[PDB]
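A quick write-up on the structure given underneath.
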Amino acid sequence: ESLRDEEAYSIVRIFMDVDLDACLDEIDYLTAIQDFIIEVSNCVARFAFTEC
Amino acid sequence: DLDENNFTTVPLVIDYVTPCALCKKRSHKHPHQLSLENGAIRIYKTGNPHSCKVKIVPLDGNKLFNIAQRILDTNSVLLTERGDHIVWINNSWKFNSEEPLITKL
Ligand SMILES: [Zn+2]
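As you go down the protein sequences, you meet chains A and B in turn.
Quick note on numbering: full-length UniProt numbering labels position 25 of the first sequence as 78, and the sequence is numbered without any gaps.
Quick note on numbering: full-length UniProt numbering labels position 68 of the second sequence as 330, and the sequence is numbered without any gaps.
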């Protein structure tokens, strides 16, 4: 998937790509994703507040 | 029922009159589980973990912080509207801006 026009339909959603070359069990995966969500949402919100 | 060696072994069964504070469900399928790892007790659900969330409780030490918490739990130091600290020493509430009394307490 790509963008057909960068001049009018530049509007997109917030997205990220993660790839870790290791295997995690269920509990570690769940705690990791909770912490990841909190940290990333806080960082993006702070950037939006201070620049946008 | 939990003691120093079974805390990571026996499931925990609760009475689900009220919804779980972690999963927002009336009654869970299976009893929750505890785990110990690098100085933190982690509580989660058994069966389908994605049904519920995971909670972390940290326990690290800091004798001095524990002492401060224990002293604070006796309600012997209070902070007033004006911002001065009052301490309970020798059957009296004492405050003194120039001479701090928290160390005396
Ligand atoms: Zn739950």
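Backbone N, C-alpha and C define an ideal beta-carbon position, used for all residues, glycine too.
Whole-angstrom distance between residue j and residue i, CA atom to CA atom
| i | j | result |
| --- | --- | --- |
| A/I80 | B/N267 | 21 Å |
| B/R288 | A/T84 | 23 Å |
| A/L73 | A/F89 | 13 Å |
| B/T270 | B/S338 | 37 Å |
| A/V65 | A/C76 | 31 Å |
| B/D335 | B/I329 | 10 Å |
| B/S354 | B/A283 | 42 Å |
| A/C105 | A/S63 | 16 Å |
| A/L56 | B/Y278 | 50 Å |
| B/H292 | B/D322 | 30 Å |
| B/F327 | B/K366 | 18 Å |
| A/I91 | B/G345 | 35 Å |
| B/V272 | B/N310 | 18 Å |
Candidates the options: closest to residue i by CA position
| i | options | result |
| --- | --- | --- |
| A/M69 | A/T103, A/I86 and A/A75 | A/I86 |
| B/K315 | B/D322, B/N324 and B/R304 | B/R304 |
| B/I351 | B/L340, B/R344, B/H294 and B/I329 | B/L340 |
| B/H347 | B/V319, B/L363 and B/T308 | B/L363 |
| B/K325 | B/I333, B/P311 and B/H290 | B/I333 |
| B/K317 | B/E343, B/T280, B/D277 and B/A302 | B/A302 |
| B/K286 | B/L298, B/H312 and B/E299 | B/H312 |
| B/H290 | B/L296, B/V275 and B/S297 | B/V275 |
| B/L296 | B/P281, B/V279 and B/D265 | B/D265 |
| B/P320 | B/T308, B/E299, B/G345 and B/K356 | B/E299 |
Closer than 7 Å: residue i CB and nearest ligand 1 heavy atom
| i | result |
| --- | --- |
| A/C105 | no |
| B/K317 | no |
| A/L77 | no |
| B/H290 | yes |
| B/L296 | no |
| B/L274 | no |
| B/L284 | yes |
| B/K366 | no |
| A/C96 | no |
| B/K356 | no |
Self-check item: Chain-ordered residues of the stretch 78-103 of chain A with a beta carbon less than 8 Å from chain B
Solution: Within the stretch 78-103 of chain A, the residues whose Cβ lies closer than 8 Å to any Cβ of chain B are, in chain order, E79, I80, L83, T84 and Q87.
Self-check item: Members of the stretch 279-313 of chain B that neighbour chain A once the beta carbon cut-off is set at 8 Å
Solution: Cβ contacts with chain A: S297, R304, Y306, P311 and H312.
Quiz prompt | Contact set between the stretch 315-327 of chain B and chain A, restricted to residues whose Cβ is under 8 Å from the partner | solution = The residues in question are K315, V316 and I318.
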